[PDB]
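Asks: Need the 3D shape of this:
(chains A, B, C and D)
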Amino acid sequence: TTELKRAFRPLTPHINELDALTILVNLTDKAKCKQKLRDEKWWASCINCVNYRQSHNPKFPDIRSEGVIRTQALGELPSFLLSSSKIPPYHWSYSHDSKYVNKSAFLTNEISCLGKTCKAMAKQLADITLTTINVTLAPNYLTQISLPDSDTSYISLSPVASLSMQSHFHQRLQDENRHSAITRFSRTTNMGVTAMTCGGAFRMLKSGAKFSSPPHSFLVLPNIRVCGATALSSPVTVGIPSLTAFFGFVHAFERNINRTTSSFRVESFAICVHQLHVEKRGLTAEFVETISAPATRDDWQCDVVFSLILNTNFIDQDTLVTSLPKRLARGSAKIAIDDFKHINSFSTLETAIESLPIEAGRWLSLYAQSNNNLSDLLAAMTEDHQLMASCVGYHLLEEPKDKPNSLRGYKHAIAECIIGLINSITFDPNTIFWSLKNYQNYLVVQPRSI
Amino acid sequence: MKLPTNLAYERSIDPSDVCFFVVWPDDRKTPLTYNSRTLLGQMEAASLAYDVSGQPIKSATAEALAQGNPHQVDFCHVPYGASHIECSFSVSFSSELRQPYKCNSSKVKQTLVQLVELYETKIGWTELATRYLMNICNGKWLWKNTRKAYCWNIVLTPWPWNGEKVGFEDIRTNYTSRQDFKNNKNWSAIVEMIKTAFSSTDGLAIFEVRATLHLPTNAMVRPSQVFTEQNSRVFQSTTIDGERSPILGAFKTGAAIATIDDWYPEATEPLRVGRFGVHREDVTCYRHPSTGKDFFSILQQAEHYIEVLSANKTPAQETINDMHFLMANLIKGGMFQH
Amino acid sequence: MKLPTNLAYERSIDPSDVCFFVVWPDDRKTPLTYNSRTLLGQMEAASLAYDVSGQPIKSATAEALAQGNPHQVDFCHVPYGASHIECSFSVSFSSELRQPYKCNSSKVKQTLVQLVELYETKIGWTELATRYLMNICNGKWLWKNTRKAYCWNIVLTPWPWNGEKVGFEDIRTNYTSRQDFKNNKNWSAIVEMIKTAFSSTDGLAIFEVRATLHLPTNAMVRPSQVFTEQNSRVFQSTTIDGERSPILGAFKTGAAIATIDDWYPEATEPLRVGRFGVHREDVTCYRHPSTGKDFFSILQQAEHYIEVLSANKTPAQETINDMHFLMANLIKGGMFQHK
DNA sequence: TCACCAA
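Replies: Numbers count the residues shown, from 1 in each chain, chains lettered A, B, ... in the order given. The protein structure is shown below:
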């Protein structure tokens, strides 16, 4: 009875109409005989489980969070990008309490779902309430990101892990001991049913082989060495950190310098990575109220040594160093004191790239190849064993509104990550330089050459 | 004074990882390496001989309990013909304690900001900058490595600086107390960097620290090691050149700079600065919230700490240690919601 | 007295690997080396001649049994023109038994400190520190290399120590018993290091041991060897001058300093110090949990020893040998949880 | 406050 259990549970693909629904009664157990027993408290409580059936799980890192999402990936997006729209959206699950994770197997096992029989149906149809966002931002545990929309005024974004992308990636990466990197979580019945089946292990997408760097108005920041960053760039892939983290680094480097010179305005930024070193370190979370630690998780981290070449609209030494930003995706970023000689600006790209020392790194260029799927990704990850996938932008789920609690007094919408493939150039100057692009339904850090 | 439902600061002190190197006696510097090697110990666990009721178990006889117990550990040691080990990190003090990172209430946002300009006026950053800097200059950030060694030297390299790289030679002998750090040639040129940092709207004060550990022959080193969910002691590592090298964390380091708290009702040892200040030798919470001297029962008294510092009288030690502990948690940062 | 769900100590003795050098007649030192080499033994195993029941396997004829059994071992030996062999490591004694490294019960943490404090007041560190120090000052850490050898000589270099390196020349002849160590020039001064190491809240006492083995012509040296899951003997190794050399495990060297336990019932031979003290020769535990004299049956009577050690009447030999075993485990380390 | 729950 274990293979019948896995076949209805959302991390196995799907599947003579009387054996099924008399098994579906018997998956609330923790047969035809107890299939006859009709508790009025069993029929009314089984309706509560579809009421917390959820599209995108807000409880995915932090099981303390609080909110219900039954919505669809909003919009459409080009071929080289990849979100929870391009994969057919039907693997959904239960995101509520651990009391009802087996009693949710009668009406949420889903090709579609099962969402005095007539009396039950009348209440269910009225409250079925599909396409639902019920999140309040103040007394819970959500991420929050300010990103600029148009010329001025930022938008707050709370990324939420989609369930149809997780169970997609967990199934295709079974046979691959090389492109898969497992993260394990604890107290997994508080997570949801889509985490019970895998047992807590989630089988992410690792960036293939190792990193090896071959020899390779423009302000040059050399040897930005981040010690402990995050490799969880998406809830789906691990590797080099996301490209909204390298953008938010520069637009904190801009926005500090706009205290003195109010028209600085970096246009684009060239990234030259040496020495990734992705690794599972630890994260001792802080004691939180009965006073003990919160739930134990697993965290990947990376130790980047990159160098950065900007593109300015048009400055002392000591103005730059005190106005560097000090965190690149949770990790402390620093320039050594002896490397402060190399912060000088230039005028031509061919001298600015010959200017910086420690030459042996790869510039980041997006692999703009039509893709739609993980097999579309993995096929390009073997012709280039150095191709690394990560998060490139945020795919929204509703339009940004006024909320009573928002990140820094802006308009807030809920987003989801977008996964693209990232090249490496030996050195098309425009293609190398990245910038923030706003799409009425997403926001993606693209190169200039797209 | 009631707390907002959004309150957070960034951290004011920002460390990095600690790399380990090996200095050969021909002054050739090679990064430190390690290996995993399997061992075989006894079968002591107190669960393998005793059951849950505490009664002796009947499966594990005299023979079954003397059998063999193979396990694997990462093993890092100092190479043979080496001389010493150069452990180097870098700090920063950017004064992020000035305004909050996130706050919804503007009445409350005045109260925490007007405490600080009442603090550097009335008490000033002499006391805390004395305390943080006496964790860089001695061997707190080296952790277990300082223990069981011959001698260790510390060398600073500050950034807004002119000449004479600051040296600290032979700790455990010279630099034992507070006054012995003051009697250095340039100690008050460096406390006036942290004081300049916290009191400026943008004051920065980079350091660049480098230790030198003279170990015994062929000795162990103890880096920080990972927290996951086979190998039972997996060290943290970073790629220096082409070698794997054991490091000490960016959070293992910053917990050593911030062991300050001896302001609790019964303080015999300094504790890491945090809400309801915890100890991990004995798993207890000094400054438990029922005692009423935790951090959330000081923000609620932050209004009373404006009429205290506005009085011309010097306030007592009972009610400026709350002011020192209030500052050390705003330096530490973190969400303050309730 | 119950045991907490978190209790642990660190250890108070910290050894290192033992490195082996070849000292030529010109006084120049080269690291030792080894090699794997295949061989051809008989086919003596008794699983190859007799079945589980006892009667012979009929497919193992006379011709079949004598067929040659090829295998492979690592083989280390002294070179031809060599003279002797240096072995060298370093120990610590470092007061980690004063209090638990971790303990989440407040009553138990206060009790185990009062055992360590009433032990040095009433009994003192003279018996333990002598028993550990003899195993440094002979070749107990040169396990089998000492056997089948002409002579070995030990030379200390203690660190909180002014001058006059400590020497032990020609053991097997000179330093046989306890009194032969006490008759040394500077012996009581070194015992006063380990007594001051354990008695202080920062006692440190670093030693630097160096030995000298005069083996016969072209003789055999036996290092420690690895655990593996086709070579049948793989040595543990390091790198000294870019050439791999055999080493004596750091864990192995600490298992030789601490062969102290001979306080068990009907005890003849000193065992390694551990909970329910095992014997690896004949695979059995002395001090079984039914004997009443393992560790966790002496821990759960730790209140009873406080009424004994605090009285003016001197404690009996049964109840100080239970305290010698109790401290020697707190120097060993380990985790003492239950439930 | 406690009875709920998996691979």
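Asks: Tell me the secondary structure at residue A:200.
Replies: coil (DSSP: H, G, I helix; E, B strand; the rest coil).
Asks: ok, now residue A:124?
Replies: Following three-state DSSP, residue A:124 is assigned to helix.
Asks: Am I right that it is in contact with residue A:48?
Replies: No. Shown here, residue A:124 and residue A:48 do not form a contact pair, counting by Cβ atoms under 8 Å, at 10.8 Å. Every residue, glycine included, has its C-beta placed from N, CA and C.
Asks: The helix or strand containing residue A:119: which residues count as buried?
Replies: Assigned by DSSP states H and E, residue A:119 belongs to helix A:117-127. Residues of helix A:117-127 classed as buried under the neighbour-count rule (16 or more other Cβ atoms under 10 Å in any protein chain shown) are residue A:124.
Asks: which other helices and strands contact it?
Replies: When contacts are defined as 3 or more Cβ pairs under 8 Å, 6 or more residues apart in numbering or on different chains; DSSP states H and E, helix A:117-127 packs onto helix A:40-51.
Asks: after the helix it packs on, next one along is what?
Replies: Counting by DSSP H and E, what follows helix A:40-51 is strand A:53-54.
Asks: Name the residues that touch the helix holding residue A:119?
Replies: The contact list for helix A:117-127, computed with Cβ atoms under 8 Å, 6 or more residues apart in numbering or on different chains, reads A:43, A:47, A:50, A:51, A:115.
Asks: residues touching the second one, list them.
Replies: Going back to what we said before, that points to residue A:47. A:107, A:120, A:123, A:124.
Asks: Would you check which pair of these lies furthest apart?
Replies: Farthest apart among these by Cβ to Cβ are A:107 and A:123. That separation is 12.8 Å.
Asks: Which element, helix or strand, includes whatever residue of the stretch 1-150 of chain B ends up closest to DNA strand D?
Replies: Using Cβ to the nearest atom of the strand, the point where the stretch 1-150 of chain B gets nearest to DNA strand D is residue B:52, with a distance of 16.8 Å. Under the criterion DSSP H and E, no helix or strand holds residue B:52.
Asks: Which residue, neighbours along the chain excluded, lies closest to it?
Replies: residue C:339 (6.4 Å; Cβ to Cβ, 6 or more residues apart in numbering or on different chains).
Asks: For the stretch 1-150 of chain B, which residue gets nearest to chain A?
Replies: residue B:17 (4.3 Å; Cβ to the nearest Cβ).
Asks: The most centrally placed residue in chain B: which element?
Replies: With distances taken as Cα atoms, centre = their mean, chain B has residue B:256 as the residue nearest its mean C-alpha position (1.5 Å). Residue B:256 belongs to helix B:250-257 when assigned by DSSP H and E.
Asks: What is the nearest of the contacts of residue A:47 to residue A:406?
Replies: Of those, the one sitting nearest to residue A:406 (Cβ to Cβ) turns out to be residue A:124, at 33.8 Å.
Asks: Just the residues contacting the helix holding residue B:256, thanks.
Replies: By Cβ under 8 Å, 6+ apart, helix B:250-257 touches A:227-228, A:284, A:331-332, B:11, B:13-18, B:89, B:91, B:132, B:135-136, B:140-141, B:143, B:224, B:272.
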